[PDB]
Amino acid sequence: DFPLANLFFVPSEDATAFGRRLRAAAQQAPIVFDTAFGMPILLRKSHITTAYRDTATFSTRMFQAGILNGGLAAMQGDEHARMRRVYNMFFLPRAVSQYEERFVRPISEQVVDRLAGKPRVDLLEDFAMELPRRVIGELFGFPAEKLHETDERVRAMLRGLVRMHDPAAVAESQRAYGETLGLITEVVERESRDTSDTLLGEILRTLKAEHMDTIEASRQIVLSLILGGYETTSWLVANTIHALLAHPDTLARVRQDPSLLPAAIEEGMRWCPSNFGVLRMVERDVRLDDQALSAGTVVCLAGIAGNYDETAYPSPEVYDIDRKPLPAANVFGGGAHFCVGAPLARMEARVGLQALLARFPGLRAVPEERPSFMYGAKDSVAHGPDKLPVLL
């Protein structure tokens, strides 16, 4: 039994409130029970890094009861490493740079172009959501407005991958995936043809060459590009935008020198993380210092609690793109499951923000309307703003 804490479901106009809450809780106890979120939360750095590394004690098996069964995240040990190698190939530095020139740079120019002719826009819906959606489109050879229509189902899918102790959340997730399976099957069938010229077509050929091209594997490839490449990446872009908007002098520096964008992106992941960490299944009784966890417990590794550890990052409430070494990205997880798509997400954030800042030198937040930040923004599983109104 752990002390109670209320870390997740608390709204604030301060983007730092989430990180500050987690840090303040971590100073008081290593492990807390977040009643509204509904599970124990590991907050102490030593416990978290141990958990990420000891996959035999802290597994991803809970994923086998839900729509990710048969995907990469649900695999363990040797099965996992072999398929992981195959996913890794499509996010290598060279591959990502081809995506940048062919797909993401031009698309970014087009998304930013359609914001002009409006004195004010919501950069959340019109930019952070729109750009990753359209990238996943071009990787599929498939229209982005068709993905736009899956939004309620995409977030329904994701919510059942987080609050897995909730039977209703899990069942709605399975339902939403079932309602998306026709579309998934359409994309797979079309891009499995020799006539296929898309990246997704490249991917399905590689799976076949390793004799891994089951219906299930091909569906989970597509599913992860939707859940990760579209919805999750959106909140990274959105939180990076906000951090700059909320720091006009830094925004100006970054516009004048775009080579600062990677640091701005990493610092934004520290200062305003869009994800908290990961979920794990405790597979055997384990003692963490004087804490005990029972086998069968699903826990949250809230690695972003270290984002506000002032011993690592002094004045952690300050957005400082000049921190060196750059803060460790905890929003991508840890250990062998560490996000394989991270290189694409980082590149989309850099290229999109570069086009946005170059096209609108006068860009600024709407002074009256402050965003509200919370975990679960617009029914997502991200910590992010409810809106990003700007003046162009």
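The numbering used is simple: start at 1 and walk along the sequence shown.
Checked against the record, the higher mean CA B factor of 364-372 and 379-387 lies with 364-372. Here 45-53 and 353-361 are compared by their mean Cα B-factor, and 353-361 comes out higher. Per the PDB entry, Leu207 shows the highest C-alpha temperature factor of the residues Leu123, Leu207, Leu158, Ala243. Per the deposited coordinates, the residue with the largest Cα temperature factor out of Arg284, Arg280, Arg270, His247 is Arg284. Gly341 sits in the lowest third of its chain by CA B factor, as recorded in the PDB entry.
When the modelled residues of the chain are ordered by C-alpha B-factor, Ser108 sits in the middle third. The entry lists a Cα temperature factor for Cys300 that places it in the lowest third of the chain's modelled residues. Sort the modelled residues of the chain by CA B factor and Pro143 lands in the highest third.
In the PDB entry, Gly70 places in the highest third of its chain by CA B-factor.
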